[PDB]
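> From the sequence below, what's the structure:
(chains A and B, ligands or ions: 2)
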Amino acid sequence: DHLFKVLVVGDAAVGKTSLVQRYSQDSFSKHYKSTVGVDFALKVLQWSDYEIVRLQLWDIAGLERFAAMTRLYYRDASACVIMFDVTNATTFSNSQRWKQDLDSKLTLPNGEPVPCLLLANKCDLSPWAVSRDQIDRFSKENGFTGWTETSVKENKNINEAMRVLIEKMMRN
Amino acid sequence: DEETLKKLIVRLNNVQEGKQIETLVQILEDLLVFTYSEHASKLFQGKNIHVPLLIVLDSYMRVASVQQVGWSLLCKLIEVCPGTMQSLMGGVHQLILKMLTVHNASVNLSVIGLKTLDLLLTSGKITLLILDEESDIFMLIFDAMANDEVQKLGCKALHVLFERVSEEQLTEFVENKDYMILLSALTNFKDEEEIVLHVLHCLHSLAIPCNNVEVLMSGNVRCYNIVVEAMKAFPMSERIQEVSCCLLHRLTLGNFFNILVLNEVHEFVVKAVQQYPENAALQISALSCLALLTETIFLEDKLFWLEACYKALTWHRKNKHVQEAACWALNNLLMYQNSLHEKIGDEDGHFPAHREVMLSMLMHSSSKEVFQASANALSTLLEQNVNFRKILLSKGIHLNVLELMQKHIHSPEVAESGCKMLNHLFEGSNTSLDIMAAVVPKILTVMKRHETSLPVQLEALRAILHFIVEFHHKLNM
Ligand SMILES: Nc1nc2c(ncn2[C@@H]2O[C@H](COP(=O)(O)OP(=O)(O)NP(=O)(O)O)[C@H](O)[C@H]2O)c(=O)[nH]1
Ligand SMILES: [Mg+2]
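Residues are numbered from 1 along each chain as shown, chains lettered A, B, ... in the order given. Ligands and ions are numbered 1, 2, ... in the order given. There you are, the coordinates:
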């Protein structure tokens, strides 16, 4: 058995908790609210026989983006993910900022960058929904471990993307 | 321009007539004080400009002119020349202390000497020379004290002399020195904010030894004067309140039963934390002081304390000490007042101090003190309100603290607090076999590692008792 910590970061009002409630508390859609501070969730996965893994999801509040993103949150962290809404290019620039900040202020025992995944949130909304051609530019330029479309309300691809990301994380 | 200055400094080396040299020095001082250029700071920094002047002043002590203007000249030179302090060291302290000793009994001669001493002591590495002299600098300044500038300069000085006089030196000082300041100036300059600041922090510096608290509490003079200063002198001054607060924090002991004064200082502390919540300046000292004094007092205000603690955690997440003191204060308040159990929580109108405490624990695993205080706090919170049970459990507290006690094992207090927190968390709940396998071995190893300590054994046994009691096949393993 093992335990791990994953930090969810992104822009404001993108429904960060929605995804973390869907994956752990089995709560999807719901009202749109503002996350004042850092909140926690627990996940248990039976990845293999006699090998059960625990995950601590920390959904960092993105309201204070201009404020110094303290390394204490990323301290002892084992994984991270950037999730941005697909209705704003400002969210895309914010995701680039999160990528730069984590690359600057995150370390691993082996020294290699920890896996990162580009989550295209709530794709089930018009009009900028399936613009994967534009997303591929940053997908290959940023050197991210993965990229995958998702919809928090519908939970269309949260589970497969999370499984791929966690399999990549234990692959290291 | 510089040619005249060269002529003046050349004439200064003659040392022929005292009156003529005095007039030349006065003219040079008058010309040097200007904003035209840095000609006076011509980077020469020659001691020949001022070392013969101080030699003449020391040798011919009756010459009041060189005493009156040479100190002003060197003060202006230091205020103008940037590297003058660098030219001081790498002596002059002996010269200035002899100047203060032999013939500085006049007010005009004293004030310039004390001002020069005050500005010189802002450089550093010269205080050791000042404290190792033969002129009895402490006796000199004590004999100096009765004019306002003298006092505001008597303090702003001494402030640094108390850094290493000796705990014993302070003890000798407590017998007679306190009067030459507390009596001498707090009453006298009651309307001098900087003087009050210097006096209060000098009291702070002398309050280091433990034996002197009885002397400071001989007639409750320290408590009364600091309370009056906080109430009247500084309604809206951060530095005064911070210094008085640090006095409050360092003046808490077995004699805390200053009931009426207790109430007073409690109120003042609240005022402080409500009027400057932006730095460690007040938060840490007041919260620790407040926690002990609230325990003593309780044997409204509680809501204000909850709010102050919540902002204390919110605005100073990066400092271990602030969070430790704040969560300790929250614990000590909640221990004596359980009515506010519903007043705290995730709901609107209630401070979400739970997630903040947990975040503190995670972000400062390296310190045992923060873990101890925050663990005790949230354990008392969980014992107070049953609703919070199984919510932190669903939030990832159990295996997380198990890993923390795995990381921190060399101390018994951390293990005892962890076992108590597990006991009060897992009470009234039923777990699965996986939770059993994830909990029982780690706590058993912790109990084995600390076998001698009775409280750890008691808490561990209580936790195991509350936690022990297809499916049958798994349970057998
Ligand atoms: N258009 C649209 N809105 C959705 C969909 N699913 C959820 N939402 C809305 O988006 C909202 C986001 O609110 P919330 O999760 O509280 O935001 P947050 O990102 O956690 N706040 P913070 O940025 O501070 O972390 C709610 O999830 C819901 O009202 C969807 O498929 N489409
Ligand atoms: Mg959120």
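> separation between residue B:283 and residue B:314?
Applying Cβ to Cβ, to the nearest Å, the value for residue B:283 to residue B:314 is 11 Å. (C-beta placed from N, C-alpha, C; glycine too.)
> Name the residue of the stretch 101-250 of chain B that lies nearest to chain A.
residue B:238 (22.8 Å; Cβ to the nearest Cβ).
> which residue packs closest to that residue, ignoring adjacent ones?
Once flanking residues are discounted, residue B:238 sits nearest to residue B:276: 5.0 Å by Cβ to Cβ, 6 or more residues apart in numbering or on different chains.
> looking at it, the one you found is touching residue B:241, isn't it?
Yes: using Cβ atoms under 8 Å, residue B:276 is in contact with residue B:241, at 6.6 Å.
> which of the two has more neighbours?
Using other Cβ atoms under 10 Å in any protein chain shown, the more surrounded residue of residue B:276 and residue B:241 is residue B:241, with 25 against 19.
> Not counting whichever helix or strand that one is part of itself, show me its contacts.
Assessed by DSSP states H and E, residue B:241 sits inside helix B:238-250. Residues from elsewhere that reach helix B:238-250 (Cβ atoms under 8 Å, 6 or more residues apart in numbering or on different chains): B:193, B:196-197, B:200-201, B:203-204, B:207-208, B:222, B:226, B:229-230, B:233-234, B:265, B:268-269, B:271-272, B:275-276, B:281-282, B:285-286, B:288-289.
> is the one helix or strand residue B:423 maps to up against chain A anywhere?
Following DSSP H and E, one finds residue B:423 within helix B:412-426. No: Helix B:412-426 stays clear of chain A (Cβ under 8 Å from any Cβ of the partner chain), getting no nearer than 14.1 Å.
> How far does that helix sit from its chain's centre?
32 Å (Cα atoms, centre = their mean, to the nearest Å).
> Could you list the buried residues of the helix or strand that comes right after it?
Using DSSP H and E, the helix or strand that follows helix B:412-426 in sequence is helix B:433-449. For helix B:433-449, burial by neighbour count (16 or more other Cβ atoms under 10 Å in any protein chain shown) applies to B:435, B:438-439, B:442-443, B:446-447.
> Give me the helices and strands touching helix B:433-449, please.
Counting contacts by 3 or more Cβ pairs under 8 Å, 6 or more residues apart in numbering or on different chains; DSSP states H and E, helix B:433-449 is packed against helix B:398-407, helix B:412-426, helix B:454-468, helix B:471-476.
> More neighbours: residue B:283 and residue B:314, which one.
residue B:283 (30 against 16).
> Only the buried residues of stretch B:424-435, if you could.
Buried, per 16+ other Cβ under 10 Å, within stretch B:424-435: B:424-426, B:435.
> What about ligand 1: which of those touch it?
Applying Cβ under 6 Å from any ligand atom, the subset of the buried residues of stretch B:424-435 adjacent to ligand 1 is empty.
> Go through the residues you listed and say which is closest to ligand 2.
residue B:425 (26.0 Å; Cβ to the ion).
> Tell me how far the residue in chain A sticking out farthest from the centre lies from residue A:163.
Largest separation from the mean C-alpha position in chain A: residue A:50, at 27.5 Å (Cα atoms, centre = their mean). Distance, residue A:50 to residue A:163, by Cβ to Cβ: 19 Å.
> cool, and residue B:101?
Following Cβ to Cβ, the distance that separates residue B:101 from residue A:163 is 83 Å.
> of those two, who's got more company?
Taking other Cβ under 10 Å, residue B:101 and residue A:163 do not tie; residue B:101 has more neighbours (18 against 12).
> thought the more buried one was touching residue B:140?
Yes: look at residue B:101 against residue B:140 with Cβ under 8 Å: they come within range, at 6.2 Å.
> Which secondary structure element is home to the residue positioned nearest the centre of chain A?
Nearest to the geometric centre of chain A sits residue A:81, at 2.9 Å (Cα atoms, centre = their mean). Of the helices and strands defined by DSSP H and E, residue A:81 is found in strand A:79-84.
> Could you see whether ligand 1 lies near that strand?
No: between strand A:79-84 and ligand 1, judged by Cβ under 6 Å from any ligand atom, nothing touches; the nearest distance is 8.7 Å.
> which strands and helices sit next to that strand?
Counting contacts by 3+ Cβ pairs under 8 Å, 6+ apart, strand A:79-84 packs against strand A:2-10, helix A:89-104, strand A:117-120, helix A:158-171.
> host element of residue B:373?
Applying DSSP H and E, one finds residue B:373 within helix B:368-384.
> can you dump the C-alpha coordinates of that helix into CSV?
Extracted C-alpha coordinates of helix B:368-384, given in CSV (Å, rounded to 0.1, in the frame of the first residue of the first chain):
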residue,chain,number,x,y,z
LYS,B,368,6.9,19.1,16.6
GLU,B,369,5.4,22.2,18.4
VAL,B,370,3.0,23.1,15.6
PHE,B,371,1.8,19.5,15.4
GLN,B,372,1.4,19.3,19.2
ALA,B,373,-0.7,22.5,19.5
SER,B,374,-2.8,22.0,16.4
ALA,B,375,-3.4,18.4,17.1
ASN,B,376,-4.6,19.2,20.6
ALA,B,377,-6.8,22.0,19.2
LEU,B,378,-8.6,19.9,16.7
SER,B,379,-8.8,17.0,19.1
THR,B,380,-10.6,19.2,21.6
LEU,B,381,-12.8,20.5,18.7
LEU,B,382,-13.7,16.9,17.7
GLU,B,383,-14.5,16.0,21.3
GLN,B,384,-16.7,19.1,21.6
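> Which positions in chain B make contact with ligand 2?
With Cβ under 5 Å from the ion as the criterion, chain B does not meet ligand 2 at any residue.
> just checking, what's the longest helix in chain B?
Longest helix in chain B, counting residues (DSSP state H): helix B:280-298.
> buried stuff in that helix?
Neighbour-count burial for helix B:280-298 [16+ other Cβ under 10 Å]: B:281-294, B:297.
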